[PDB]
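Where a number appears in this text, it was derived from the coordinates with a stated rule and is not lab data. Positions of Cβ are generated from backbone atoms using ideal geometry, with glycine treated the same way; all protein chains shown enter the neighbour counts.
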Amino acid sequence: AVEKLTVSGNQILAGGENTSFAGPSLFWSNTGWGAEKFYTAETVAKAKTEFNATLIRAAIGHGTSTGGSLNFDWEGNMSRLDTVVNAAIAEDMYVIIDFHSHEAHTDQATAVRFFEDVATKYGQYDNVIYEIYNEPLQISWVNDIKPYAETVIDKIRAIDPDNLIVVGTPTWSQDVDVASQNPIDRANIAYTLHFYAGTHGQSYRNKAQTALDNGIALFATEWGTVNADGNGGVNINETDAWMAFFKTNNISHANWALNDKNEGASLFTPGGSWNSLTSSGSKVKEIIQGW
Amino acid sequence: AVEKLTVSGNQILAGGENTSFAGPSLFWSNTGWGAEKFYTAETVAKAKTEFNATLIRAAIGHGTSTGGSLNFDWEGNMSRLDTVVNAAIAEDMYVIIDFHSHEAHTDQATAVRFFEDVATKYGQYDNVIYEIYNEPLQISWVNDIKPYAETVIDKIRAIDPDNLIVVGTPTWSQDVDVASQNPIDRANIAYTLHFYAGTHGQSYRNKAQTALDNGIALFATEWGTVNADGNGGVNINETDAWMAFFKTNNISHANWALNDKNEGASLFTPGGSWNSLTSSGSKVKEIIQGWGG
């Protein structure tokens with residue numbers, strides 16, 4: 001079993017203690033996107049045996065115009081999610097169930113269908129963390145994200161009242177400072193912080209510091225060692241600064257991405273696996289093992 | 001009236017004869033989960049006229065942290081159970097009173113309260129079958145489920161001495177083989193077997209075969225035609241393999257679920273009912289209609 005997660009002030013506690021976790025985020029689960037082969041019990045087990053990962057993020061694709069997402073292949077994506085959630089439970093790992101969207105607030109009925117379904121099927125496990133809106137775009141925290149979040153949080157809680165729910169923030173989950181000015185009044189809510197080391201430096205870390213100062217807890221559900229588009233070289237200086245910032249604030253995180261697509265963010269070289277890591281995979285392996 | 005159910009060896013006898021029954025299982029009764037609307041006398045009557053069902057399972061939700069369950073809305077869930085139980089008696093159908101839990105052993109006071117209440121109100125009827133623990137998870141049969149079971153069976157039996165009691169087994173009620181190695185010394189006890197045709201195949205029937213060969217009777221109180229999680233396409237051939245295994249061994253069963261949630265396991269389309277069946281609903285109707293009821 002894993003320890004139950006709760007929020008106290010700007011800290012996420014596990015079993016009442018200050019600590020944090022690290023693991024990999026799987027790439028989009030979308031049919032046709034090439035990462036379907038990683039949504040397996042074998043892959044979840046390997047994240048643990050190879051990297052000593054304590055969590056895994058299932059990025060379930062959503063989008064009315066996004067090919068192979070939940071709007072096109074509900075069954076395929078939901079079956080991949082089920083396999084990963086059950087494996088995480090079997091491996092004593094946390095599983096972040098991510099509604100991987102950039103438009104959740106405009107396709108609310110689908111978001112509610114997804115969350116009521118996951119709360120019903122997996123809510124009883126303390127391993128389950130709900131990430132309700134991956135990356136809102138340049139929208140309003142108070143008028144667009146917050147109302148959607150309150151609605152979804154309440155729908156999940158009528159089924160599964162106990163859990164940690166992580167809510168996306170404006171501008172690809174960078175505006176945690178804006179969200180911190182008007183937090184959501186519900187128990188155990190944390191806010192999403194996303195960054196790519198090759199593009200987001202100190203000023204982005206300053207925004208996160210403002211959020212912590214304002215009293216909200218952060219969860220870096222997605223971050224990369226390369227540039228923001230998921231490619232380019234590994235920026236060790238910035239990666240190390242962000243990791244130190246997370247370590248000294250008990251901020252948990254998931255690296256993008258356990259995949260083999262031909263781009264720098266992939267943990268594996270194309271067609272490769274755990275024995276053939278990319279420059280990013282090599283750095284991530286050390287970070288997760290030393291967490 | 002219906003015939004009295006008893007157990008002899010690995011068989012469940014009805015009026016002393018080998019036979020089996022089929023029907024639908026309602027979805028969680030929980031307040032706010034969208035299936036409360038199905039817990040009606042009309043639904044019980046229609047299960048009999050539309051599908052020839054000879055039983056109906058009432059999945060009364062339980063859970064200390066399961067929203068809308070008996071722990072949060074006792075009266076609402078109990079009232080829904082009452083409506084279904086009385087209608088089953090009025091329609092000469094068996095009713096499986098299911099304490100729909102994944103944590104009954106850890107909330108015994110609630111289980112005892114529930115069972116003493118149901119045994120007092122309905123124990124006089126032979127239509128009543130008690131299912132004391134829907135689906136235990138990764139727990140021990142000898143150390144966790146069995147002691148809980150003995151306690152609950154004794155509380156029920158001090159009020160209603162005659163009845164069939166079905167006991168959950170480990171790993172979502174799959175480990176009937178494990179339970180068969182250390183059976184309960186109480187009369188008329190059967191053990192729960194659950195499976196989903198799109199996920200569980202011959203290896204799971206082999207575990208059930210081990211249990212039957214070891215001397216215990218099984219009752220498949222919950223099963224699906226699609227994948228284990230409740231969604232997906234109907235696996236016709238696997239469903240047929242399981243129905244043949246049940247027919248030949250006279251194993252009674254209840255299909256999950258009489259509901260309209262948009263998932264493969266629902267018998268009905270969203271906002272639908274008897275006249276608007278899903279692919280699973282059509283297959284289940286075919287099985288129940290020709291079972292013998």
Given H placed 1.01 Å from N in the peptide plane, which residues other than close sequence neighbours of B:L13 have an amide H under 5 Å from its amide H?
B:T6, B:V7, B:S8
How long are the three semi-axes of the equivalent ellipsoid of chain A, in whole Å, if each is the root of 5 times an eigenvalue of the C-alpha gyration tensor, listed from largest down?
24, 22, 19
3J(HN,Hα) from dihedral phi, the range B:36-44, Karplus parametrisation 6.51/-1.76/1.60, rounded to Hz, x for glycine, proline:
4, 4, 8, 7, 10, 4, 5, 5, 5
Phi angles of the range A:192-198, converted by Karplus (6.51 cos²θ - 1.76 cosθ + 1.60, θ = phi - 60°) into ³J(HN,Hα) in whole Hz with x for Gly and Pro, give 6, 10, 10, 7, 10, 4, x
By a straight-distance test (C-alpha under 17 Å), which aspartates and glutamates pair with A:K247 as possible cross-link partners, with residues fewer than eight away in the same chain excluded?
A:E17, A:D213, A:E222, A:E238, A:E286
For the cross-link pairs A:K121/A:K261; A:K121/B:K37; B:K37/B:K207; B:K146/B:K283, which exceed 25 Å when the distance is taken from alpha carbon to alpha carbon?
A:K121/A:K261; B:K37/B:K207; B:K146/B:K283
Förster-model FRET efficiency, 45 Å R0, A:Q289 and B:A244, C-beta, rounded to 0.05:
0.30
Apply 1/(1 + (r/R0)^6) to the Cβ-Cβ distance of A:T64 and A:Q138, taking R0 = 22 Å, and write down the FRET efficiency to the nearest 0.05.
0.75
In sequence order, calculated HN-Hα J values of the range A:167-175 (Karplus, 6.51, -1.76, 1.60; Hz; x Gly/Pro):
10, x, 10, x, 6, 6, 6, 9, 7
Label-point separation in nm, B:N206 to B:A45, each point 7 Å along Cα→Cβ
4.9
Rounded to one decimal in nm, the spacing of the 7 Å Cα→Cβ label points at B:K37 and A:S273 is 4.8
